[PDB]
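A short worksheet on the structure shown next.
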Amino acid sequence: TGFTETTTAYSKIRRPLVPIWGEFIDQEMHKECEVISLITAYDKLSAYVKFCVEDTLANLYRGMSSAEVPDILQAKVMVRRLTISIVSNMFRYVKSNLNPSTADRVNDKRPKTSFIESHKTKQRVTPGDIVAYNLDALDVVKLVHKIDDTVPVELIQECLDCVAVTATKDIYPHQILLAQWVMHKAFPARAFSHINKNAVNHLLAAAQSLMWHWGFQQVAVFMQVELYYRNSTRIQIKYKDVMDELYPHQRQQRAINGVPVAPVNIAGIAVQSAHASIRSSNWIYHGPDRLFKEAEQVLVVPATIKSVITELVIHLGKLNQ
Amino acid sequence: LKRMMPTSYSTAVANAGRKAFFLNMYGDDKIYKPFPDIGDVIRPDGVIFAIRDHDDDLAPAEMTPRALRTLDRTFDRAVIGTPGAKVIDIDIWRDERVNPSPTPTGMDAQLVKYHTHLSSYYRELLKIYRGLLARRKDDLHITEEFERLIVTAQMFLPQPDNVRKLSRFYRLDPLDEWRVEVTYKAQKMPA
Amino acid sequence: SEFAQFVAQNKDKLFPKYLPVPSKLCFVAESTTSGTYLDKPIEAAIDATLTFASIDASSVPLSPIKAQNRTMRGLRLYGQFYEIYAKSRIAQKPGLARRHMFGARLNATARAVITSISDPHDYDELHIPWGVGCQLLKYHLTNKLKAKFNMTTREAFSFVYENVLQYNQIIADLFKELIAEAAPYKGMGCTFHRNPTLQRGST
Amino acid sequence: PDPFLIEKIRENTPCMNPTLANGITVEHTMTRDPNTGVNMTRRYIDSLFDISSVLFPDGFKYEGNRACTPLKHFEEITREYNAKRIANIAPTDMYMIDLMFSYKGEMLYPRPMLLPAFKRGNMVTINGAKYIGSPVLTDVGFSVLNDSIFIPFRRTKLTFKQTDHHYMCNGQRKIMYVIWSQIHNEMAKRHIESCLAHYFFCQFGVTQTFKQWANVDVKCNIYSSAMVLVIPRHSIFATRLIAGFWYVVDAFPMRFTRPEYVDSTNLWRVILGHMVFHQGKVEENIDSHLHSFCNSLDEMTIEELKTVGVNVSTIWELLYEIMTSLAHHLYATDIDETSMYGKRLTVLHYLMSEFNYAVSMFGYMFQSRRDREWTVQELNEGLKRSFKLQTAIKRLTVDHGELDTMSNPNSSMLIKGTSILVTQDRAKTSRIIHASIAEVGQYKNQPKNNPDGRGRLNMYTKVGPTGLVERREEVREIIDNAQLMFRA
Amino acid sequence: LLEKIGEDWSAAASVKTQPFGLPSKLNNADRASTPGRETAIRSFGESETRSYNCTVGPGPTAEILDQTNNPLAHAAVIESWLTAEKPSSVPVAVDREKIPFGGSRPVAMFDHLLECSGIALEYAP
Amino acid sequence: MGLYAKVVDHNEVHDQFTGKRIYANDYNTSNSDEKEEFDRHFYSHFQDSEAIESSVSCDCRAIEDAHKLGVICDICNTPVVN
DNA sequence: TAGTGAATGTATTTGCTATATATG
DNA sequence: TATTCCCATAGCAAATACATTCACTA
Ligand SMILES: [Zn+2]
């Protein structure tokens, strides 16, 4: 019922300045105030609008101060109503504009429970359990022998000697991912985001010793390092059969043009995530000196670390059957 | 006191899907069985089922066959009932218009088995009414109980592809892909 | 006389140049499937803060008279908020003062029905049920399990929660060891409360 | 036990009334007519629109209600909004009906509506929770509490009180009671209270008021203030009329400058409006108010008063009998407040209150816009604005005192099921002894809410077809003898 | 037999808190997450603190409240139990030199609101 | 010797405050970009009825790792606190 | 050199705004 | 833990599905 000519702002309606105002409007909120700012009856209208508004929470939550509401409503009335009894029309327009999905409501909360206890959003982890796991992570030798009891004490001791030096450095995602994988048989993985830094540094040394014992020196060198200064989640043909046996639960894929797609191995997804993190930056070695020599190794990345990481995951899969 | 034993009936509800998946609480190295069947009993520690959050980067740790059998009290969520109670009924609601389903493969054999039988039960109910409506055009009178039952069947069965899917709710609570309800009975010894 | 003395002594701290907006924790907005819920007494605080913001956000710069008039309206809104908040949220039966400053929901507590010890006994001893003992003494048992049986924290927590609803001989032995280790006291100290609390004896 | 013993025990034991034991809410809401197959609740909806048809513009009709198929029932509750179809799978006991309206022979859009269904034992499931629906023991016709006659209509509720005013007759000061009631609500939104004689003067002329009802030829026995009214030397009703007239006149003497203007009609209306509320608006406003007042006596309320023995056909006849026959209830009541014999077990009047509210407001909209041409689009928007999908059931679990949560640890249906009785005072959220409690209630069953035994229903009570409590003759003498000793 | 067989017993050593840092109430979703109800019990009301302040004394009474109102103090209690040789015979649970009084959340909220209004409660000199 | 009431000096509180100071005067709510930032500092918003699965965080919830406690966020310029 | 899958760009669909006397 | 409903319609933004290309692997 409206008209677009540029007067697009009047297209949903049911005088001399109408074209100029429409063009200015077309060229972020409450733009009527600015167009009114370009340019008694004015005071009478302002008083009437203030009376209409005189007789909320939703306006305040949307950012409309109670002082600014009459001015905005007056600008809307002047632009969208006067340009097209007048008193009754203005009254109805103001009343409609004052109170315009269910999720857009702004309700009043009604608060034996106290007013503070009325807000019922919980944390997910018991505070006492976090304190318990902080102490647990300090028992490195006990934890390592809970996973593989054949690890010599000297190897664990050498790894733990570097904790003090690397305690001043910040920990990076690739370090935590590998520690979570290896240590999960004795230490929960999700606790890594809750334990303090000193607890994490001990676990990083613990996992490094286990990888050293198993024969994965090429990847164990990156557990205790410092930051110096194509992304395909597919599994190589060599290991695809083994990984599907050890991690049978895979992620389903969206069908393309009705054609079904084979599931993607979730364990392969995590391998690529760790592989991408390692090569995202250069690292400075801080770990045991003897381990650095056994890896044929500031710290250069071997061209086949993804294969080594895949074999490490294969070892863990066999160990946790 | 052995002659003054009451019996209690209660229901446990679990939701899985986009946020969490079921754990292997009643199965073995070769079978995935999240919850006991009809006629089974609740295992001695009292856990009926438990769910673990979705996280792909922790798959080599949290998704090993051993980790799926071990319940973590601090970080998982479980529903606990009376140990030794006998499961007598199961009801499952599924949201089939998900592409792709967030459930990992091999974790829904038990869920599908009960849902398939339940769908057949509701499908036959809707078929019976439609046959009656065809024969008795404008002469078909049904009780208020039967009318609400047919409404439930349509809420359960999948919608035709031509129309928008249903967003199922339980009293302002949105359903996930799977909703499981387990009913069990326990006999109490007064002491 | 009192009001004159108050002003004459505190006149140096009654006209500040800055005012602090209350903490983020005071104003809590909860958005749900049926809208966003807010606390009504907070309204004046929101209005007062927005009023000062609108002074520099006006399209036409405000004249000095209009600047003062809007400033006073904002200040009058702050005064309304603090009085109403103290009257409605700090000072009432489920208020901040009477529910959290002079009361609390404590950790390491239990609640159950009571029965009698009619056999020969000491008048100041208590017997707690198995389920209460396992959950109340969770960290006491975890300490013993780690040391005696070389359990990890995850295993100890799993062991305790597993045996809440069933009898376990190992747990029973640890319970006696905990009680016997409270020497020279007869057992573990506790307080028993009966409501309503009027006389010495209800606690 | 010996099988012969049980037969002799059974032979010697009276049986309860199956209507009360099986649940009376079910019998009053879901019972279907054998001829037509439509239940009591739907018939109640039809009766509501019959009494409201007098406010309908010409050409507008109510065509009845129809049962919806489950397919439409499913489609209506899963209607798409904002590209989303919300389905609530929590179990409920609801069924859907359509309300049919026509305008000048053209059928309008049907309005779907949900209604609750009850099962054996007064059981109903609403949004996944189980409830019990109990009857309410209510007075028939009218209720008296304290110098007040409460009369409930389908669209209004009126209370009649008393005041005393002084008038001078033949030079002798006299005191008479003036009956008043508040019938307009902006009067509450606001000293003189609205007198019934003032309403009579607003409707009829003062001379007409006296001659038509009191058969008194009032002129201009001499009655004066404390202007003359003259009556032949050869009633109480006339005395009340005189007292009300002087009660109105004394506090508004400027209006009556000339005596003849007393016999007018517009002046009384102006005074009434100034009591309630500019003269121009006031005169027009009441002319509509008196129009709605003259049509406030619905047919259903007439039948209720007929049982008590009032026999009123127009609202003016009711006011006459309040001033003549029911006046003594204001100061000397002869009805025992603590009795339980002349009462009725009512279900629908409290169950369908929210729907009844919608029907009344729909009729009032037509009254407020009389003498107007109606378009089909306007009528469709009006119907949609009032009769919505969940109009009737939107507050069943909020403030209905006859619906309560169910908690029954055993299989018995009587103990806390069909034996719950709700007093009229607690219908929407004690008293001294009476021998009727032993017959209607359970005087030893004393819950905390009703320690006097009136909160439970005797399962052997005799109840009529419409829910009226009847008397049992085989225990009449023993009940009567105890009542004498209670008050002695 | 009568109902209420006492199956709704509660016992908890550590409970989950709010964003504010105080023990929270239990909803139906968390009711069955544990074999028994792990809810903090309001064992110290205003009336009890009136009685304790007179018999036991204001000193020890403040210690009991602070061990919960201050979440860091509660963390110290758990560590004392776990590291103790005899968990049931700990001399002192909270070392008040390392964690001094003044960390209670309800009191800090009280002081903050009054400070914004422009006043503070202080000891009389 | 009992408790009495004092009067605080607000500008002294302002002077002794530590950290970057945000003034509500420098915010135009009409600009939808500035309204979001204003609501970031004023309200403590909860997007649903779900439990908070985090122990420490910065102001803008960019860091939820307990081992980074004390490190200042680069997006909200807020230290990571418990 | 042949087969395959990730990165990229582009056309299509759909959800999202923005305006439109009256019942103790 | 919160519900008892949401006027119709044209343009836009972002999400989504499909085709194309280049680099890695066999
Ligand atoms: Zn941040």
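Throughout, protein chains are lettered first and strands after them, A, B, ... in sequence-line order, and every chain is numbered starting at 1. Note: hydrogens, waters and symmetry copies are ignored here, and every other heavy atom, side chains too, is used.
- One can find a donor-acceptor pair under 3.5 Å joining the base of G/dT21 and the side-chain atoms of D/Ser292.
- By the salt bridge (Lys or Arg N to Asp or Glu O under 4.0 Å) test, A/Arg251 is found to be paired with B/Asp56, residues two or more places apart in sequence or in another chain being considered.
- The salt bridge (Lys or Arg N to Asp or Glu O under 4.0 Å) contacts involving residues 94-106 of chain A comprise nothing, where partners must be two or more places apart or lie in separate chains.
- Taking every side-chain heavy atom of D/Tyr357 into account, G/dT23 is the closest of G/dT23, G/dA6, G/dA22.
- Residues D/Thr138 and D/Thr346 bring a donor and an acceptor atom of their side chains to less than 3.5 Å of each other.
- Counting distance only, with no hydrogens placed and no angle test, the side-chain atoms of D/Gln182 and the base atoms of G/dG24 include no donor-acceptor pair under 3.5 Å.
- Taking a pair as Watson-Crick or G-U wobble with both distances under 3.5 Å, the runs of three or more consecutive pairs in DNA chain H are G:1-19 with H:8-26.
- Between H/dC6, G/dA22, G/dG24, one nucleotide has an atom nearer to the side chain of D/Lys157 than all others, and that is G/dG24.
- Across all strands, D/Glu381 comes closer than 4.0 Å to no nucleic acid atom at all (heavy-atom distances).
- When the ring-ring contact (aromatic ring centres under 6.0 Å, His included) test is applied to A/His275, no partner is found at least two apart in sequence or on another chain.
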Side-chain donor-acceptor contacts of residues 233-241 of chain A below 3.5 Å, not counting sequence neighbours, with atom names and distances?
from, atom 1, to, atom 2, distance (Å)
A/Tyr239, OH, A/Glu311, OE2, 2.6

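- Taking only distance into account, the side chain of D/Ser288 never meets the base of G/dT21 through a donor-acceptor pair shorter than 3.5 Å.
- There is a side-chain donor-acceptor pair under 3.5 Å between D/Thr301 and D/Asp298.
- A/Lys122 places its NZ atom 9 Å from the P atom of H/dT1, with the value rounded to the nearest Å.
- Listed by chain and residue number, nothing satisfies the salt bridge (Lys or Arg N to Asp or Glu O under 4.0 Å) test with B/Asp173 (two or more places apart in sequence, or in another chain).
- Residue side chain D/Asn127 reaches the base of H/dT3 through a donor-acceptor N/O pair under 3.5 Å, judged by distance alone.
- Here B/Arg171 lies in heavy-atom contact (under 4.0 Å) with a base.
- What separates CD1 of A/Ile25 from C1' of G/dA18 is a distance of 13 Å, to the nearest Å.
- Within residues 140-149 of chain D, no residue has any heavy atom closer than 4.0 Å to DNA chain H.
- Considering only residues two or more places apart in sequence or on other chains, D/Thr78 meets the side-chain hydrogen bond (donor to acceptor under 3.5 Å, both in side chains) condition with D/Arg85.
- Among the nucleotides G/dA20, H/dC24, G/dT21, the one closest to any side-chain atom of A/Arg80 is G/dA20.
- Taking atom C1' in both G/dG24 and H/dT4, one finds a spacing of 26 Å when rounded to whole Å.
- Candidate nucleotides G/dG24, H/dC5, H/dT3 were compared by shortest atom distance to the side chain of D/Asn88, and H/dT3 ranks first.
- As rounded to whole Å, 11 Å separates atom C1' of G/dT21 from atom CZ of D/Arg190.
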For nucleotides 11-17 of chain H, which of its nitrogen or oxygen atoms have a protein nitrogen or oxygen under 3.5 Å away, and what is each distance?
from, atom 1, to, atom 2, distance (Å)
H/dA17, OP1, A/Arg254, NE, 3.4
H/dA17, OP1, A/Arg254, NH2, 2.9
H/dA17, OP2, A/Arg254, NH1, 3.4
H/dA17, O5', A/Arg254, NH1, 3.3
H/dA17, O5', A/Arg254, NH2, 2.8

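- At a threshold of 4.0 angstrom between heavy atoms, the contacts of E/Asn27 are confined to the sugar-phosphate backbone, with no base atom among them.
- Adjacent nucleotides H/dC7 and H/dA8 miss the stacking criterion of ring centres closer than 5.5 angstrom and planes inclined by less than 30 degrees.
- At a threshold of 4.0 angstrom between heavy atoms, the contacts of D/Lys428 with the nucleic acid are absent.
- Residue-level contact check: A/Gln236 touches neither bases nor backbone, having no heavy atom under 4.0 Å from any strand.
- If you take CZ of D/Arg370 and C1' of G/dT21, they are 13 Å apart, rounded to a whole angstrom.
- Among residues at least two apart or in separate chains, salt bridge (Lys or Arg N to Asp or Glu O under 4.0 Å) pairs with a member in residues 283-293 of chain D are D/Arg269-D/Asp287.
- Set against G/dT23, H/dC5, G/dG5, the side chain of D/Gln390 has H/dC5 as its closest nucleotide.
- Note: CD1 (D/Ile86) to P (H/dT4) measures 12 Å, nearest angstrom.
- With hydrogens and angles left out, the side-chain atoms of A/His119 and A/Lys109 include a donor and acceptor closer than 3.5 Å.
- In this structure, OH on D/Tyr131 lies 5.0 Å from OG1 on D/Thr405, to the nearest 0.5 angstrom.
- DNA chain H lies under 4.0 Å from no heavy atom of any residue of residues 26-34 of chain A.
- Side chains of A/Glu23 and A/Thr6: a donor-acceptor N/O pair is present below 3.5 angstrom, by distance only.
- For the 3.5 Å distance criterion, the side chains of A/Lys120 and E/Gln18 fail to qualify, holding no donor opposite an acceptor.
- With distances taken from any side-chain atom of A/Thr102 to the nucleotides H/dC6, H/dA2, G/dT23, the minimum falls on H/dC6.
- Nucleic acid contact class of D/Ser360 (heavy atoms, under 4.0 Å, all strands): base.
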Per-nucleotide protein contact along nucleotides 8-16 of chain G, 5' to 3', at a 4.0 Å heavy-atom cut-off (B base, S sugar-phosphate only, - neither), is -------S-
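- Here the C1' atom of nucleotide G/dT4 and the CD1 atom of A/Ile235 are 17 Å apart, to the nearest Å.
- H/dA10 and G/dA20 are spaced 13 Å apart, taking the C1' atom of each and rounding to whole Å.
- When the nucleotides G/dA20, H/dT1, H/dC6 are ranked by their closest atom to the side chain of D/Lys388, H/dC6 comes out on top.
- Taking atom CD1 of residue A/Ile237 and atom P of nucleotide H/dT25, one finds them 11 Å apart after rounding to whole Å.
- Of the candidate nucleotides H/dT1, G/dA22, H/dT3, G/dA22 has the atom nearest to the side chain of D/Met361.
- Residues C/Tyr37 and A/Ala255 both approach DNA chain H. Their nearest nucleotides, taken by heavy-atom distance, put C/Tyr37 toward the 5′ side.
- Picking from H/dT4, H/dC7, G/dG24 the nucleotide with the shortest atom distance to the side chain of D/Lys384 gives H/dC7.
- Judged by distance alone, with hydrogens and angles left aside, A/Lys12 brings a side-chain donor or acceptor within reach of the base of G/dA18, the pair sitting under 3.5 Å.
- In this structure, A/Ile256 places its CD1 atom 13 Å from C1' of G/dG5, rounding to the nearest Å.
- Contact of D/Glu186 with G/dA22 (side chain to base): no donor-acceptor pair of N or O atoms is detected under 3.5 Å.
- Judged by the sign of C1'-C2'-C3'-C4', the sugar at H/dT16 is south, the angle being negative.
- Nucleic acid contact for A/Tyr10: none, since no nucleic acid atom lies under 4.0 Å from a heavy atom of the residue.
- Of the side-chain N and O atoms in D/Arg385, none sit less than 4.0 angstrom from OP1 or OP2 of H/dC7.
- Taking syn as a glycosidic angle within 90° of 0, H/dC5 qualifies as syn.
- Among the nucleotides H/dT1, H/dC5, G/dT21, the one closest to any side-chain atom of E/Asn28 is H/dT1.
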